[PDB]
Amino acid sequence: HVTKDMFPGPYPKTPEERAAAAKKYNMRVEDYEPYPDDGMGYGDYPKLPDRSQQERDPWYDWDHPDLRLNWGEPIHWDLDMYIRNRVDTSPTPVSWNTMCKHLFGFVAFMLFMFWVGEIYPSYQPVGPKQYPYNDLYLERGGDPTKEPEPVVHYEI
Amino acid sequence: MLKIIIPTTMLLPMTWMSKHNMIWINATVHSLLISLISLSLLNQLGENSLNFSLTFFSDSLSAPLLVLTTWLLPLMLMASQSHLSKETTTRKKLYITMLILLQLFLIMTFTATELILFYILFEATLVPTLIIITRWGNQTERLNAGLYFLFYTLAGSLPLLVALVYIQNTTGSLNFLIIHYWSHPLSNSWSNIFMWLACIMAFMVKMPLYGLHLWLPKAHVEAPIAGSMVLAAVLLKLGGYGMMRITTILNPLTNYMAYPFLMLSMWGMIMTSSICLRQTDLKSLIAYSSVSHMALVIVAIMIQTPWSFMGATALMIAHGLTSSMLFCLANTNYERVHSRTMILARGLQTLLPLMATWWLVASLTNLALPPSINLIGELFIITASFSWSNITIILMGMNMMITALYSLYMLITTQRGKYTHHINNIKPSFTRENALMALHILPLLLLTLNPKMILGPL
Amino acid sequence: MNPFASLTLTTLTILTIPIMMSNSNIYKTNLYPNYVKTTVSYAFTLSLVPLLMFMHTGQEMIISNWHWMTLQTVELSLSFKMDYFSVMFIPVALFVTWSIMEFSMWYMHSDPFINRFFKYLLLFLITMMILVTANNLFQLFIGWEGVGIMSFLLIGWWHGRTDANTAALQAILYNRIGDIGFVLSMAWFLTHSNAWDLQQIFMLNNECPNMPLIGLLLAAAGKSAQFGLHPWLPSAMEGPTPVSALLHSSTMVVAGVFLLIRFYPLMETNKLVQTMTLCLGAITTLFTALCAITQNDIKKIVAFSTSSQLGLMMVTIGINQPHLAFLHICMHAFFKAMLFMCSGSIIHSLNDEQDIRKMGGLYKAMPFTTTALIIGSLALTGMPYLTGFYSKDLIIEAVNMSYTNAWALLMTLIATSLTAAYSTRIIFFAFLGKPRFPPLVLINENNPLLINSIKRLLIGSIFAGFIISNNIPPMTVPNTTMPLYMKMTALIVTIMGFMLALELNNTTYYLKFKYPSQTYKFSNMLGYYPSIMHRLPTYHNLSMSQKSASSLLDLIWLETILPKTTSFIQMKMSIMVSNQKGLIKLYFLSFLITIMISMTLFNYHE
Amino acid sequence: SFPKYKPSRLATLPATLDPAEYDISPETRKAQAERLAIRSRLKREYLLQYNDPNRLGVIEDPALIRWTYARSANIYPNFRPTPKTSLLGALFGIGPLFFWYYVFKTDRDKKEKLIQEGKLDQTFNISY
Amino acid sequence: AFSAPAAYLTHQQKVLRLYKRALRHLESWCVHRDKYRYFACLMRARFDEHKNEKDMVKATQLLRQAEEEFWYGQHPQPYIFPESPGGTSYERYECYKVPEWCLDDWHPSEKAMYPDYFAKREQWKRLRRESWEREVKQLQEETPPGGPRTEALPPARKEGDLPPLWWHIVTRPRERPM
Amino acid sequence: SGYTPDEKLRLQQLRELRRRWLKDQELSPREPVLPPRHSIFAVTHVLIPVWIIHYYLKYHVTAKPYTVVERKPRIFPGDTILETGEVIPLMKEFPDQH
Ligand SMILES: CCCCCCCCCCCCCCCCCC(=O)OC[C@H](COP(=O)([O-])OCC(O)COP(=O)([O-])OC[C@@H](COC(=O)CCCCCCCCCCCCCCCCC)OC(=O)CCCCCCCCCCCCCCCCC)OC(=O)CCCCCCCCCCCCCCCCC
Ligand SMILES: CCCCCCCCCCCCCCCCC[C@@H](O)O[C@H](CO[C@H](O)CCCCCCCCCCCCCCC)COP(=O)(O)OCC[N+](C)(C)C
Ligand SMILES: CCCCCCCC/C=C/CCCCCCCC(=O)OC[C@H](COP(=O)(O)OCCN)OC(=O)CCCCCCC/C=C/CCCCCCCC
């Protein structure tokens, strides 16, 4: 039972068109604001604030408690992105651009330290391990018809 | 193979002579019997095909497709009788007649020995589908969908026809056996390039290829449930079957004519999988899923290896079953709530547990959980692509990550969470719907038990 | 006929019987959980016999029983490998599952769907056995994805809760990132060695190249929650406590490590992949042990401890000691499952409270749980002659005495100090001091199921190290000579961690309040890794998949080029052609023009 | 006094840190009253049908229908070819295709050249 | 959750909410009870130090500074009650909640068990059917001409009336349904 | 501060109705009107499956080559072979670093 007028229309130009659009979307005129009139195809649909559903008050009696939505209120263009099973934009205790610096610094420092420790390795003061039968020539792949150069170990 | 064709033609007057309240029972019983008869075509040889006559033959590629068609007809009948209860007797008989004619055309298409007969039947399948969509669809968009379904197909197939007759003037035959035995290489000229394009584009638009796929979401969303079932399960596989038949005369041109189509298939597989992540209509999500899986099939056919051909056959069969099941699952909810918006009805596991189990199994087969034949086909195609180029594992890998995501997303949106408070008309699942889901899903696992029946002639 | 093969097959086969009975008149009664638990106990007792045969004569087998399908030259068959790893892991997993099922009989007593829970637990166990005993890569992949799906279902057990569904999907996402590498390894092995089974792969790869091993390492990093793909394991604590004790602490999450243990002949011949594995394990163990020391949820602390121990296992694999890593898996299962069960006992006693800040003095109020948790913590820290000693101590000594990256060694030592630190945190905040829970006291651990399960795992945590170490053949060369200070390194660093943690915890009794430092904020908020990595890539991916893939391309430009342009052109030409006034003057003039043109253009040229 | 918190797109500004709610005007109070009135009217309209004993089915929501229609059917009628639209379409619909074509063509040319020279180590490469 | 919200919060309401939040986060920092009591008394003294400020502008400036200090010094991992919106058992039992109208679809064999319960259910349904029209009429009378301005609902005022829009509040599933 | 009299009264009425509804959820003593050996576990769950598996392995699986392959037993100096009866000599006169 939804009339054609109720359905979303083109970008509004005249203030009367903006008032009609705000009435259609159940909004105050001073609160209603469309997307910029480029060719992207937004048309009449309002541009709501970019907060996710996690930021909504959980102690309110929402008509849909899991979605935290009320019946009849305008729905954000990107609601399915913000369903709170998904992207969260909630305020953090530590500023963004400070979490990023700390995380990147830690990761880069660990990478550099691993490279340094690779080119300054650690080992015990011992010589190479000695194996009896010409470094086990026959055991590591055979080739018994080549007579390899003998490998000899002496006592010390 | 008239022992399968004639019983369907007999289904026609049996439906038109039936008593007004026995049409569904008779049609379902005899459709199931015809499927049982068609089960005998799976006895195939290792060297050549079953050459029944001068007109019809059966290969190891077409026999599972025929079995799938004959098995899909009774499922379509079961799925259709709910929303057609208010219809008049004559219109119900006309709907069943459309379904029967579609089955007959598909059966003759998959077994034609000549390419022009194949073309004629493969175009004849258009009329019943268009009539079903534009007459028994629910919304006003169906008309537009029908137009998009028609011309997109014909703009691809009219050049092919020309090429076909041209070939018959050059080699003297369009018989597939003669064409295979007397094959000659295609030189590198502009004429040969345009012949290749004429021979390929119709099947490309049938798959559909990414960029030529816009007809599919419209047609598969606006159609009634049986229309969507037959469009996703069988009619998309016409392109793959035709491509695997026609590629025998296109070498060695394919070696470099496949590059734009390979790039389109891989990138558009990523793109359609991504599109599935932000979809408000549940049917459109399943349609874009079909597009991604068919892009995989296109890659497999284009790289032209035995492993890729086996993977393509397995993937086509598995996708047919899985996508038909998913469309039926979405249709149950639509019939309950009369809306296709995915977030309208939520928490359905609390209200319908067995249907939730069916949803879980269907979404598990969609993401190709091993050892399902979905996974077997996908893995064979991925291995062949890796042999073709080691970098493909990137794109394919990304696809495997995205698919599961959107698949589980669908499940989590419909079955989990809390139920919508104001929706109070969700009745318990009928025996018919549960039987439909079981008759979809059990053959999938049974085929997993014996996978060489869907692996094709290679 | 040498009962080894029959017994090994029967152990796995009898686990599926309750699955087949799940549609009988035992799944609808209250006797189903006991039936499943008894089946698992019988399976463990039966599996004890092939282990004895192996310990006597070192008997090993492969059984290729069913031929599934054959490609042109590649044959795929249902084959089981019954080597030392399988016959050692099966009894340990069965023992832990038996204890955890008996525990769940008491923990989940009020759940209306407890039968489905046990059915689910058994399905996970079956998939894990399929993973462990597989002889070809396809069967292993079957087990891999089976345990992944079972973990997804068990994490979202309370499916009306949004966070559980989010955590389940997160686990699936990270595991799929690992599955990419698994599939890469499978494709490389089939196209280069013409096989997916282990024997031919070992024969045909004497010097394995980088790509298959890097794919295997990516799969292992996904499955064992290493630093790049770590966050899903702590979030998997959304499930019930038995799921955390079984799947996400001791049995399933070692699977990735197990994978690298399976392919150790190939890893033995590649230095670069070994170095990558060592560095990945070192950073993982350090980062997770550093996150664990400030957490307030007990399940989170135990999960980060599990992740740190998995990092230590990866380090052990990286220094070319796979058998030590397998021994550590077996040792860690016991006390990790016991620690999770003790945490669950505390949670159930305090009305489902999980914050340690609201747990006061349980040392006297919960004596048996206190004893079990103390023994488990001592075993986890490698206290001498307990279960954890016989693996962790040798791992630390082997890391000390090898030609290895020095930074990885330093991070391993710091992590093994932080292990004792967070163990001290758990004990100090949960058991010492004065009560901090609500005044209505319902503390009660007097239930035979809980006591018996924890007691079995406790006997294991005390004696299994000695028993297993003295009954296996030596597959490694012992470090007989070492400087005394490097022989005591693990004990010394554990003692320093203990003392420092005790001091910093004792300072909390003072009447002084200070705002936290940035280092504490980094530790508590998990390096900010979930804060950034779960917001920026997800936002960009979803926003691009709407704005560009769906709207800009599919709904606008693809429409614009082919169908809309055709419609526009045809409509304009129709308007041009059909709009004539119907005046004979105009088109008879047109006829004259046509006649003249046809006489000049076509007729003059003959 | 204390280090300042600065908001970002994915970590927004808290309400208690918002200057706009600390300097208020009677116009703002009137706007808040109007907002609450609109919300209350919608809530009453919904609750009247929700508690109706003779109501069976789905309470249709015009906002949901508007959202789905705007996301699906209202997009093309509101599209104009502009420099931004044309540039973004060309980039995101053509650039990836040629990027991947160049990558794959280079890789396959290298592999083919290696195969012609007979140095690729194709031993045991039976299945393809 | 039960009370209808107002159009805005007053200054006193904001001060009290900040006081509760600050005390909760301080308890999160001060784990032990005696230390928490000491610092909570200090916080209460700091709060009531500026209780008698007659200049409202200075009061809101003080509130602003206090909220900035709270955001700087908040516990990143504060204690949450297990069933609170951030707790570990927040929506644990929502999957066990089944709406009452589902009972209308039970097979008569299922309803053959529990006869007395379904007789009581029929009585409740009769009461709701008899009360609906009076509820609607009362709402029509009591509503101002320009629509309602708050979400508050009136009580019953007549002889045997029921408070309008009571069915879905009274027939809540439960807090622990199964 | 506090409730207004209207809010208080509505709360009392709703509370009375809700308490009645919760009381009505109680079950009368007859509400669930239902309409109308020791060691057998070790036999049906261990013995029968092991019989089936042993039969299948002994007479079907091992009827084809290379289906059950065991790694060969270890041989040490001083051992005697069961089949041939051959003995293996000792180990080269240990230097005896006692
Ligand atoms: C004998 C030969 C061997 C020699 C070994 C070395 C010799 C020295 C011996 C001792 C060495 C360490 C002693 C303890 C450390 C201090 C502990 C502490 O908590 O101090 C309090 C203080 C914060 O306390 P708070 O905030 O008031 O506590 C909050 C409340 O108490 C809230 O209270 P709560 O209840 O929540 O509990 C808080 C919790 C935790 O509280 C915290 O969150 C603080 C975290 C501190 C512990 C972390 C240690 C692990 C270090 C790994 C670092 C790897 C590299 C990372 C690089 C980052 C790159 C950006 O407290 C604990 O549970 C205990 C913490 C750990 C105690 C056990 C210590 C064992 C591990 C370290 C010693 C190893 C011993 C054997 C060594 C074997 C080697 C051969 O921590 C610090 O400030 C110092 C931490 C050190 C961080 C240095 C990183 C650099 C920072 C500036 C960066 C410069 C940027 C330059 C420009 C770059 C441009 C790109
Ligand atoms: C939306 C998706 C629709 C479906 C996608 C279909 C994909 C079709 C793309 C066709 C693939 C290739 C076609 C022909 C092969 C080579 C094309 C050419 O670019 O290559 C060079 C050709 O050289 C130059 O490029 C000449 C061609 C330039 C004129 C062609 C116009 C292309 C401009 C783009 C128009 C868009 C077409 C698609 C409309 C929708 C190779 O040099 P050369 O060796 O000498 O030619 C080989 C043939 N010989 C041997 C007989 C001589
Ligand atoms: C290999 C090619 C691809 C590699 C991966 C690249 C990044 C992939 C980006 C994935 C985008 C998917 C978008 C849609 C996902 C669904 C939405 C979603 O997941 O919701 C976010 C959800 C909610 O966050 P919570 O913290 O749990 O809060 C809930 C409690 N309130 O969290 C998530 O699940 C986010 C998971 C995304 C992970 C992306 C980052 C991983 C990057 C891995 C790189 C490291 C590689 C490791 C190498 C190992 C060494 C060999």
Side-chain angles (χ1 to χ4, degrees), chain A residues 54 81 84-88 90 101-102 105-106 108-110 113, chain B residues 187-193 196-197 200-201 204-205 209-212 256-257 259-261 264 277 394 397-398 401-402 405 409, chain C residues 162-163 166-167 169-171 173-174 177-178 180-181 214 217-218 220-222 226-229 231-232 235 276 280 286 289-290 293-296 409-411 413-418 420-422 424-425 429 489 492-493 496-501 503-505 507-508 514-524 530-531 533-535 537-542 545 558 561-562, chain E residues 29 31 86:
Chain A
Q54 179 71 9
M81 158 135 72
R84 103 177 160 107
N85 291 258
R86 282 180 161 188
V87 189
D88 185 15
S90 148
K101 267 167 253 203
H102 295 329
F106 180 79
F109 176 73
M110 302 291 297
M113 274 306 126
Chain B
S187 74
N188 213 359
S189 54
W190 293 114
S191 300
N192 284 158
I193 282 168
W196 195 98
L197 285 166
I200 285 298
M201 287 326 285
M204 274 305 170
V205 83
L209 166 81
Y210 175 75
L212 296 180
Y256 84 95
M257 281 305 282
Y259 271 108
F261 304 92
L264 272 176
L277 289 166
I394 291 168
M398 281 152 75
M401 215 255 282
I402 306 174
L405 285 181
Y409 173 56
Chain C
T162 315
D163 287 337
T166 309
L169 196 48
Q170 173 173 146
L173 187 143
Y174 279 109
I177 295 174
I180 299 167
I214 285 171
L217 180 60
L218 174 59
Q226 300 295 273
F227 176 73
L229 317 157
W232 72 267
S235 89
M276 285 156 89
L280 182 58
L286 187 102
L290 166 70
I293 60 175
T294 68
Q295 297 304 298
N296 289 293
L409 199 152
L410 201 68
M411 292 316 109
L413 295 190
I414 300 175
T416 184
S417 280
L418 294 170
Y422 62 63
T424 304
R425 170 176 192 82
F429 275 107
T489 290
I492 279 139
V493 301
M496 320 297 132
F498 266 140
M499 293 174 162
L500 289 198
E503 181 86 20
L504 262 167
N505 283 333
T507 65
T508 53
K514 177 184 27 142
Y515 284 150
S517 67
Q518 261 153 336
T519 279
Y520 172 87
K521 291 182 176 181
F522 191 82
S523 184
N524 189 257
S531 277
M533 301 307 289
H534 299 177
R535 292 189 187 207
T538 52
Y539 166 78
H540 283 305
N541 206 269
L542 293 166
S545 86
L558 284 188
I561 48 178
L562 193 40
Chain E
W29 276 125
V31 184

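Computed over heavy atoms, backbone and side chain alike; hydrogens, waters and symmetry mates excluded. Start at 1 and go down the list; that is how both ligands and their atoms are numbered. Every chain is numbered from 1 and lettered A, B, ... according to where its sequence line falls, protein lines coming before strand lines.
Any N or O atom pair closer than 3.5 Å counts here, and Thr538(C) shares no such pair with ligand 3. Any N or O atom pair closer than 3.5 Å counts here, and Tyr174(C) shares no such pair with ligand 3. Taking distance alone, with nitrogen or oxygen atoms compared against 3.5 Å, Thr166(C) stays at or beyond that limit from ligand 3.
Residue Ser517(C) holds the heavy atom nearest to atom 26 (O) of ligand 1 of all those in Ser523(C), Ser517(C), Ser417(C). Counting heavy atoms only, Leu504(C) comes closest to atom 17 (C) of ligand 1 of the residues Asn296(C), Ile414(C), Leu504(C). For atom 10 (C) of ligand 1, the choice among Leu500(C), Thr424(C), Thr489(C) with the nearest heavy atom turns out to be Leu500(C). Proximity annotation for atom 30 (C) of ligand 3: of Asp163(C), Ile394(B), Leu542(C), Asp163(C) comes nearest, heavy atoms only. Closest heavy-atom approach to atom 35 (O) of ligand 1 within the set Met113(A), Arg425(C), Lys101(A), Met499(C): this belongs to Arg425(C).
Under 4.0 Å from ligand 2, not a single heavy atom of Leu562(C) appears. With a 4.0 Å cut-off on non-hydrogen atoms, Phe109(A) touches ligand 1 through its side chain and not its backbone. With a 4.0 Å cut-off on non-hydrogen atoms, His102(A) does not touch ligand 1 at all. Heavy atoms of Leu418(C) found under 4.0 angstrom from ligand 1 belong exclusively to the side chain.
Near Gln170(C), meaning under 4.0 Å from one of its heavy atoms, ligand 3 places the atoms 27 (O), 32 (O), 33 (C), 34 (O). Heavy-atom contacts of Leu286(C) reach the following atoms of ligand 1: 54 (C) (cutoff under 4.0 Å). The distance from ligand 1 to the heavy atoms of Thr519(C) drops below 4.0 Å at these ligand atoms: 44 (C), 45 (C). Atoms of ligand 3 found under 4.0 Å from any heavy atom of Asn541(C), numbered from 1 in the order shown, are 11 (C). Against a heavy-atom cut-off of under 4.0 Å, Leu413(C) is close to the following atoms of ligand 1: 80 (C).
Here the heavy atom of the protein found nearest to atom 37 (C) of ligand 3 is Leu173(C) CD2, 3.7 Å. Looking only at protein heavy atoms, the nearest one to atom 1 (C) of ligand 3 is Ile180(C) CD1, 3.9 Å. In this structure, the protein non-hydrogen atom closest to atom 45 (O) of ligand 2 is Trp190(B) CZ2, 4.9 Å. Looking at atom 5 (C) of ligand 2, its nearest protein heavy atom turns out to be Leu264(B) CD1, 3.8 Å. For atom 11 (C) of ligand 2, the closest non-hydrogen atom of the protein is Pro260(B) CG, 3.7 Å. Summary of contacts: the protein heavy atom closest to atom 1 (C) of ligand 2 is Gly211(B) O, 4.1 Å. With respect to atom 32 (C) of ligand 1, the closest heavy atom belonging to the protein is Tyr520(C) CE1, 3.7 Å. Looking only at heavy atoms of the protein, atom 46 (C) of ligand 3 is closest to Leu229(C) CD2, 4.0 Å. Here the protein heavy atom with the shortest distance to atom 16 (C) of ligand 2 is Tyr256(B) CE1, 4.4 Å.
For atom 34 (O) of ligand 3, a protein non-hydrogen atom is found at a distance below 4.0 Å. Using a 4.0 Å threshold on non-hydrogen atoms, atom 39 (C) of ligand 1 counts as touching the protein. Counting only heavy atoms, the protein gets under 4.0 Å from atom 17 (C) of ligand 3. Counting protein heavy atoms under 4.0 angstrom from atom 7 (C) of ligand 3 gives zero.
Residue contacts with ligand 1 include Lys514(C), since one or more of its heavy atoms lies under 4.0 Å from the ligand. At a 4.0 Å cut-off, not a single heavy atom of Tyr259(B) sits close enough to ligand 2 to count as contact.
The two residues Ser523(C) and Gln295(C) come nearest to each other via the heavy atoms O-NE2, 3.9 Å.
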